[PDB]
Amino acid sequence: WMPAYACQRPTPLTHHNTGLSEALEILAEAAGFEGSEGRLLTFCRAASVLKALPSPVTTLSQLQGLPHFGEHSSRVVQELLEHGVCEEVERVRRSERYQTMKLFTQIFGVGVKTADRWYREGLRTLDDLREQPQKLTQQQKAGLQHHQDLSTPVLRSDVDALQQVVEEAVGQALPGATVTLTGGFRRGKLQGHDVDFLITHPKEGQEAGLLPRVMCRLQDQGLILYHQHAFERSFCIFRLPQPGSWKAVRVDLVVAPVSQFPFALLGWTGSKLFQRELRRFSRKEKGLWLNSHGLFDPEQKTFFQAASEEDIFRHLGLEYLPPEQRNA
DNA sequence: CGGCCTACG
DNA sequence: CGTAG
DNA sequence: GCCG
Ligand SMILES: [Cl-]
Ligand SMILES: [Mg+2]
Ligand SMILES: [Mg+2]
Ligand code: NA
């Protein structure tokens with residue numbers, strides 16, 4: 001009834017089990033903060049199963065046979081159905097460890113390992129970190145200075161204005177190059193944490209060397225508040241206009257050759273869980289190795305040419321899912 | 001039990 | 001180590 | 001934590 005991998009079923013952005021999925025995702029996040037990637041995956045997969053259901057779970061019976069629901073995830077759901085809250089989830093939510101790890105890992109330039117080290121050192125607040133800038137990389141300093149703006153969501157209206165400025169710089173860098181909106185906005189989100197763009201050119205090879213030329217032009221326009229600088233991915237903080245002022249926004253820029261564009265579009269459109277599940281499916285069920293550059297057959301030692309995302313789904317034996325149904 | 005996505009900066 | 005989805 |  002429900003297939004085991006998230007890439008085998010449609011997952012819409014909005015659904016019928018929001019509260020249940022959110023609670024399981026708290027436990028997934030907390031498992032990640034402890035370095036338990038396997039538990040994180042299970043709770044994420046269980047949450048995503050609920051997103052894919054056609055109606056609300058109202059009774060524990062309805063979990064029977066669903067993939068990724070065993071004793072622990074079922075107990076979480078049971079407690080939410082019976083009491084409206086799950087004690088384990090609420091204990092996580094209130095915990096100093098969870099709240100601090102969440103706050104620190106939200107900083108651009110800080111991952112779980114850094115956050116955990118700071119936690120063990122006794123640090124708890126952003127102002128704790130600011131008082132010890134000797135412990136911070138340039139990237140982390142930028143992430144801390146811009147943290148407040150970066151915590152506020154970007155609107156789709158903002159996205160279109162940003163895309164036109166990126167297109168202007170891209171067109172000067174390489175006439176004929178194109179800019180495609182990817183990430184969560186391509187999946188239909190009305191808001192987001194950042195904006196992701198994929199850049200290519202219809203003539204194979206012309207995109208070589210492009211990203212430095214684009215970044216130099218955006219920096220000369222005064223739009224770049226932070227970037228790391230041959231390269232093909234740039235993780236930036238941009239200046240976005242606002243009434244009478246502006247705000248900082250995270251923008252990711254990625255270049256791919258047109259031969260790789262379908263794979264890069266698929267990868268950068270996400271969701272994160274969808275892509276991990278798709279790569280897992282490819283390797284474990286089909287014996288093929290997937291990344292954002294291509295799809296490799298390791299027995300014939302050949303790469304699959306794709307001209308579209310549709311081609312990639314076909315080559316994996318999966319029903320096509322439009323981006324709006326990849327919200328695993 | 002092993003496995004859990006797979007890259008680039 | 002960070003980043004990405 | 002769950003699947004195979
Ligand atoms: Cl684990
Ligand atoms: Mg994004
Ligand atoms: Mg991004
Ligand atoms: Na971070």
Side-chain angles (χ1 to χ4, degrees), chain A residues 2-7 24 27-28 30-32 34-49 63 65-70 72-76 88 104-118 136-137 139-143 181-187 189 192-198 211-212 215 226-227 229-237 250-256 260 263-285 288-296 323 326-328:
Chain A
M2 166 82 54
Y5 291 83
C7 53
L24 287 165
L27 299 183
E34 301 316 305
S36 314
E37 194 73 358
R39 292 174 86 252
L40 175 149
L41 276 169
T42 281
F43 283 129
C44 285
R45 292 165 180 167
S48 80
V49 162
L63 300 179
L66 291 181
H68 311 290
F69 276 87
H72 198 148
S73 303
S74 298
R75 187 247 301 147
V76 172
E88 185 187 6
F104 286 174
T105 60
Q106 282 174 351
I107 303 167
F108 180 67
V110 181
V112 173
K113 286 178 186 121
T114 298
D116 174 67
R117 177 164 58 69
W118 288 345
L136 306 175
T137 65
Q139 186 180 40
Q140 288 164 355
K141 290 182 185 183
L181 176 65
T182 66
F185 289 105
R186 182 170 180 251
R187 303 199 307 277
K189 294 182 77 178
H193 115 274
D194 81 341
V195 192
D196 309 296
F197 295 113
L198 177 61
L211 199 50
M215 294 310 306
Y226 172 85
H227 75 289
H229 305 262
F231 54 103
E232 69 209 40
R233 303 175 180 188
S234 294
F235 316 114
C236 314
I237 302 172
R250 278 275 296 107
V251 178
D252 292 333
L253 304 181
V254 182
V255 172
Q260 299 179 6
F263 300 98
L265 181 63
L266 178 63
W268 286 88
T269 295
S271 73
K272 179 176 179 177
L273 181 64
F274 188 93
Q275 294 301 315
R276 292 172 79 151
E277 290 280 288
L278 185 66
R279 292 176 183 196
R280 187 173 67 100
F281 178 88
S282 180
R283 175 180 281 271
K284 301 299 177 187
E285 303 302 327
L288 302 178
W289 302 346
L290 181 66
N291 67 19
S292 76
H293 307 318
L295 181 63
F296 184 70
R326 306 180 201 158
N327 286 294

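Residue numbering restarts at 1 for every chain, and letters A, B, ... go by the order of the sequence lines.
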Inset, instruction - At the 4.0 Å heavy-atom cut-off to chain A, mark where contacts on DNA chain C begin and end, going 5' to 3'. - result: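 Range of nucleotides within reach of chain A: C/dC1 to C/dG5.
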Tell me whether [X] contacts the main-chain N or O of [Y] through its side chain, where contact means a donor paired with an acceptor under 3.5 Å.
X	Y	answer
A/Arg187	A/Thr269	yes
A/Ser36	A/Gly32	no
A/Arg39	A/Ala28	no
A/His68	A/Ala4	yes
A/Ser282	A/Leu288	yes

Inset, instruction - Kindly write out the residues that satisfy ring pair (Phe, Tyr, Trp, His ring centres under 6.0 Å) with A/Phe104, not counting sequence neighbours, or none if the list is empty. - result: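 A/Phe104 satisfies ring pair (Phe, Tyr, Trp, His ring centres under 6.0 Å) with A/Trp118 once adjacent residues are dropped.
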Inset, instruction - Among A/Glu277, A/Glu285, A/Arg45, A/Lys284, find the one that has a side chain to side chain donor-acceptor pair (under 3.5 Å) with A/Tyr5. - result: A/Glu285
With a 4.0 Å cut-off on heavy atoms, is [X] in touch with a base, just the backbone sugar-phosphate, or nothing at all?
X	answer
A/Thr182	nothing
A/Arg186	nothing
A/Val110	sugar-phosphate
A/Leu278	nothing
A/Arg326	nothing
A/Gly38	base

In terms of side-chain heavy atoms of [X], which of [options] is nearest?
X	options	value
A/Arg45	B/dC8, D/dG1, D/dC3	D/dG1
A/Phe235	D/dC2, D/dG4, B/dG9	B/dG9
A/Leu41	B/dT6, D/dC2, B/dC4	B/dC4

Would you say [X] places a side-chain N or O within less than 4.0 Å of OP1 or OP2 belonging to [N]?
X	N	answer
A/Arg279	B/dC5	no
A/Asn291	B/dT6	no
A/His68	D/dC2	no

In whole angstrom, what separates [X]'s [atom1] from [N]'s [atom2]?
X	N	atom1	atom2	answer
A/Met215	B/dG9	CE	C1'	13 Å
A/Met2	D/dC3	CE	P	13 Å
A/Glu37	B/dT6	CD	P	13 Å
A/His293	B/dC5	NE2	P	18 Å

Legend entry - Residue mapping more 5' on DNA chain B - nearest nucleotide basis, A/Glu277 or A/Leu211: A/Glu277
Legend entry - A/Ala230 vs A/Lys284, nearer the 5' end of DNA chain B by closest nucleotide: A/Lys284
Inset, instruction - Please state the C1' separation for the pair B/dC8 and D/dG1 - nearest whole angstrom. - result: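 Roughly 30 Å separates the two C1' atoms.
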Legend entry - A/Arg75/A/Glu88 salt bridge by N-O under 4.0 Å criterion: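 Between A/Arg75 and A/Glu88 there is a salt bridge, with a charged N closer than 4.0 Å to a carboxylate O.
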Inset, instruction - Mark yes or no for a side-chain to base donor-acceptor pair under 3.5 Å between A/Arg233 and B/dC8, with no hydrogen or angle criteria applied. - result: no
